[PDB]
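First the proteins, then the strands, lettered A, B, ... as listed; each starts at 1. Heavy atoms only: backbone and side chains are in, while hydrogens, waters and symmetry mates are out.
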Amino acid sequence: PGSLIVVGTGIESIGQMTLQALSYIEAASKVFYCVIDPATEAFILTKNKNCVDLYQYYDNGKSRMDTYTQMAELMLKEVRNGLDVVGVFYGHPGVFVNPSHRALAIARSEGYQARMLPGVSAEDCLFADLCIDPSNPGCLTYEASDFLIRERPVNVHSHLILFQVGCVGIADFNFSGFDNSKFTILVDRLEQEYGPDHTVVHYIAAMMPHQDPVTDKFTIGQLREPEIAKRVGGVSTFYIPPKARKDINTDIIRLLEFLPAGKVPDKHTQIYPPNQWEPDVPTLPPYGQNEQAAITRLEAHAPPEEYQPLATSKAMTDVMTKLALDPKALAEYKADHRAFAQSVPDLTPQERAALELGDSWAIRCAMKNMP
Amino acid sequence: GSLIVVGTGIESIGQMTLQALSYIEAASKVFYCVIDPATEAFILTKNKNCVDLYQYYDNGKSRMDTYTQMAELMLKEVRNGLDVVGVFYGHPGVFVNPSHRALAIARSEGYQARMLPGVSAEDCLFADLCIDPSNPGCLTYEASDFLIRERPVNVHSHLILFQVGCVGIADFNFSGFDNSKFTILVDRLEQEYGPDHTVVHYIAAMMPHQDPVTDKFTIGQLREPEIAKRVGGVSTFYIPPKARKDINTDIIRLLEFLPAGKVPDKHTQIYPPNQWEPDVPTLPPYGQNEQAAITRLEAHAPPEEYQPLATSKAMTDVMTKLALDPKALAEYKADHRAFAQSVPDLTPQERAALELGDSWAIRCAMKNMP
Ligand SMILES: Nc1ncnc2c1ncn2[C@@H]1O[C@H](CSCC[C@H](N)C(=O)O)[C@@H](O)[C@H]1O
Ligand SMILES: Nc1ncnc2c1ncn2[C@@H]1O[C@H](CSCC[C@H](N)C(=O)O)[C@@H](O)[C@H]1O
């Protein structure tokens, strides 16, 4: 009896909140939120009548871990009283967020329903604004101070993302912001691992819908310029592109049959597109001889035989939207599949049967058939 | 012409962001690639002009040709002056080839190009497994690329592998992938981690009533034919740290982290522990430092420097519209004053902040009036 759901709000105000985060806000018994955008906070207050701002539990000179302990306990206290508590943290609520993990784990240890819903993180915004794929060529993400304290290894051939570069070695809080006086220690490490000429991108996603992202391209040595290091604050994130590209192992690529068997891959060339923040890698052009061949093959393209297009009804689309947008209806459906199933209007006989089964394959067959 | 690329999250409908939906509705043309029928059934009700990109896959047809065709279908509409919005499930730029190719070409030729972030499978992995990438760092690889280019592991940090069910397959089949080189991946993981180390097979729920797959195996167990069978196209591996890295005490004092009279714990991590990691010396939840912080809550008042929100409903609604209505945002960015002077019931300070547009002015207008 009593539960704790933790949701996120994304980074950019309001717009980056997920539909299910909003739905679990409204259905909550009490809301504890920690956001750093005024419109987002106002947006949370109009969707639930019982909200407490967790930001007030920071204080000047007060340890952040002590604030995190208090933030977790304020939620767990309402949980142990049998309330349905929803915790709110901007971005992804479990990405570089201490009190959410502490509160959910303690509630689990005491036998309560606990669950975190994912959200859009600052790393997600970084991928989008910088148009980089973590797949190419791998992504490593560190907390900036932990990266120094435990001397975590770099991967100069993959992406590097550093959070909290604006509070290096700071366990305190100050409403005015951080005095990043240990920033030079981080610069010393980045220079030692990458050299002073390598690129570092100072990233700050736009928090308001009309603002532009900060995507400023520096070298690591330029971070020692006073006017540069003052620009990084509490919502600053560093992206360091790969310094070089690792070679393909032709022996392993023949074992995996990535390329056609008989050919030797290109040793100094990546496939299009290039990373615009990366030192120049020889990259193939967008429209080679293999590319236009597939583009001109579009002239003779027909829907494949095994391609099965969507073929559902208005009633089936509405009931699955409801299961995704209505936590009240979802809780009833999981409690009794058939009693919920025969209650939905206008469902075709197979649609009622598929929804009563609930299996992924039955629901997909019901939405791909239709007489 | 322009190209806006958005995502839908992993779990159907519910994990779409509010701004992804608004750019769907306001779009002239929509090209989508989702793998959930209800989500696809959610999209076509929001825009009358959609094309399913999934049809450009084919049996025996190279994925790279499809990605070239997927990007070209959007690009040739962009060169014709329409406002195109491409849709890919999850985060549209996380392990997605055609989205980046189309945006790069669109940029190179001078068109407006923007990607909106979405909720990825890695985001869902963080939530369902309830782990934090900060503790102790997170390394993400494409499974085959991790093998082909012999990428280094980091046994002290998180490891996440995408596409473990498609090891080395460049082709497509509607029946899915024949993960016949999966044993090459298992060989590498055992060499780096040992056969007894944990690997979590993760499949986020795609439907609202499903529960996630969070199966705890050992790397050696992956060789069991009935284990290798259950990893497919939407499978992701999580590998917890094999050990924790030591704190460098010299670096600790360079940073002046703790009081220069107190010495921190050298071989104990903070609560909570990673429930998927081999047992690490972990602090209890309610130590005396925590209990001291609990009892100090009784004497809590809002600090003097704390500035609570103090706004109006007219101001709340205009910023909601700017975030939820892309056409009003385009108007406002084109002329702040014309937009600011046109919104009704705005306090004169509120219109002045809106006309400025600066973050400092908007935040002052929303926290100031007593
Ligand atoms: N608007 C923004 N742009 C870039 N990074 C940001 C950001 N807001 C917060 N961050 C990063 O996140 C750190 C705070 S911890 C909070 C992170 C949040 N839970 C998330 O999902 O990202 C900051 O030190 C900064 O590195
Ligand atoms: N439901 C799911 N659960 C776990 N991993 C998933 C998943 N769906 C997709 N993936 C991962 O994503 C890969 C496809 S590439 C598509 C990724 C998507 N853009 C995203 O944001 O995550 C798969 O190989 C799998 O590793």
Legend entry - Contact origin within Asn248(B) toward chain A - heavy atom pairs under 4.5 Å: both

Inset, instruction - Please look at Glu122(B) and chain A and tell me whether the side chain, the backbone, both or neither of the residue comes under 4.5 angstrom of a heavy atom of that chain. - result: side chain

Inset, instruction - Output yes when a side-chain donor or acceptor of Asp133(A) lies under 3.5 Å from a complementary backbone atom of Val96(B), and no otherwise. - result: yes

Legend entry - Any donor-acceptor pair under 3.5 Å from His301(A) side chain to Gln55(B) backbone: yes

Legend entry - Parallel, tilted or perpendicular: ring planes of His337(A) versus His209(B), cut at 30 and 60 degrees: perpendicular

Inset, instruction - Give the intermediate values and the outcome of side-chain hydrogen bond (donor to acceptor under 3.5 Å, both in side chains) for residues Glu72(B) and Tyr287(A). - result: CA-CA 10 Å; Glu72(B) 212 57 30; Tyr287(A) 295 100; 3.1 Å; yes

Legend entry - Under 4.5 Å from any heavy atom of chain A - which part of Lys313(B): neither

Legend entry - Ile13(B), part contacting chain A, at a heavy-atom distance under 4.5 Å: both

Inset, instruction - With a 4.5 Å cut-off on heavy-atom pairs, point out which of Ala204(B), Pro117(B), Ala113(B) contacts chain A the most. - result: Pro117(B)

Inset, instruction - Would you mind checking which part of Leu324(B) comes under 4.5 Å of any heavy atom in chain A, side chain (CB onward), backbone (N, CA, C, O), both or neither? - result: side chain

Legend entry - Short N-O contact, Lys182(A) and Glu256(B), less than 4.0 angstrom: yes

Legend entry - Among the listed options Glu306(A), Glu143(A), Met207(A), the residue most often paired with chain B at heavy-atom distances under 4.5 Å: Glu306(A)

Legend entry - Interchain contact, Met207(B) with chain A, by part (heavy-atom threshold 4.5 Å): side chain

Inset, instruction - Verify, without hydrogens or angle tests, whether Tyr271(B) (side chain) and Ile106(A) (backbone) share a donor-acceptor contact under 3.5 angstrom. - result: yes

Inset, instruction - Between chain A and each of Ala38(B), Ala20(B), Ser22(B), count heavy-atom pairs under 4.5 Å; write down the option with the most. - result: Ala38(B)

Legend entry - Heavy-atom pairs under 4.5 Å with chain A, option from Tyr54(B), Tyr67(B), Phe174(B), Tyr332(B) with the top count: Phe174(B)

Inset, instruction - Name the region of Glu304(B), side chain, backbone, both or neither, that has any atom closer than 4.5 Å to a heavy atom of chain A. - result: neither

Inset, instruction - Indicate whether any N or O donor in one side chain lies under 3.5 Å from an N or O acceptor in the other, for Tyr306(B) and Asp53(A). - result: yes

Inset, instruction - Kindly compute the distance separating CE (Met319(B)) from OG (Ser13(A)), expressed to the nearest 0.5 Å. - result: 6.0 Å

Legend entry - Segment of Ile10(B) engaging chain A (4.5 angstrom heavy-atom cut-off): neither

Legend entry - Option in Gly137(B), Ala170(B), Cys124(B), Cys130(B) with maximal non-hydrogen atom pairs under 4.5 Å from chain A: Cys130(B)

Inset, instruction - Between chain B and each of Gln164(A), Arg297(A), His101(A), count heavy-atom pairs under 4.5 Å; write down the option with the most. - result: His101(A)

Inset, instruction - Please answer whether the main-chain N or O of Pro286(A) pairs with a side-chain N or O of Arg101(B) as donor and acceptor at a distance below 3.5 Å. - result: yes

Legend entry - Charged N-O contact under 4.0 Å between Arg149(B) and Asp247(A): no

Legend entry - Option in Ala293(B), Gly168(B), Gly14(B), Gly9(B) with maximal non-hydrogen atom pairs under 4.5 Å from chain A: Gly14(B)

Legend entry - Side chain, backbone, both or neither of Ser108(B) within contact of chain A (heavy atoms, under 4.5 Å): side chain

Legend entry - Heavy-atom pair count under 4.5 Å with chain A, highest-scoring of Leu309(B), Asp58(B), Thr68(B): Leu309(B)

Inset, instruction - For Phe258(A), look at atom CZ and say whether over 12 heavy atoms of other residues, nucleotides or ligands are found less than 6.0 Å away. - result: no

Legend entry - Side-chain donor or acceptor of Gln15(B) paired with backbone N/O of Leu117(A) under 3.5 Å: no

Inset, instruction - Check whether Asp325(B) gets within reach of chain A through its side chain, its backbone, both or neither, counting any heavy atom under 4.5 Å. - result: neither

Inset, instruction - Show your reasoning for whether salt bridge (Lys or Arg N to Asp or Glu O under 4.0 Å) applies to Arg114(B) and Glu12(A). - result: CA-CA 14 Å; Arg114(B) 191 189 171 190; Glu12(A) 197 177 290; 3.4 Å; yes

Inset, instruction - Could you tell me which of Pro309(A), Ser121(A), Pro303(A), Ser158(A) has the largest number of non-hydrogen atom pairs under 4.5 Å with chain B? - result: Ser158(A)

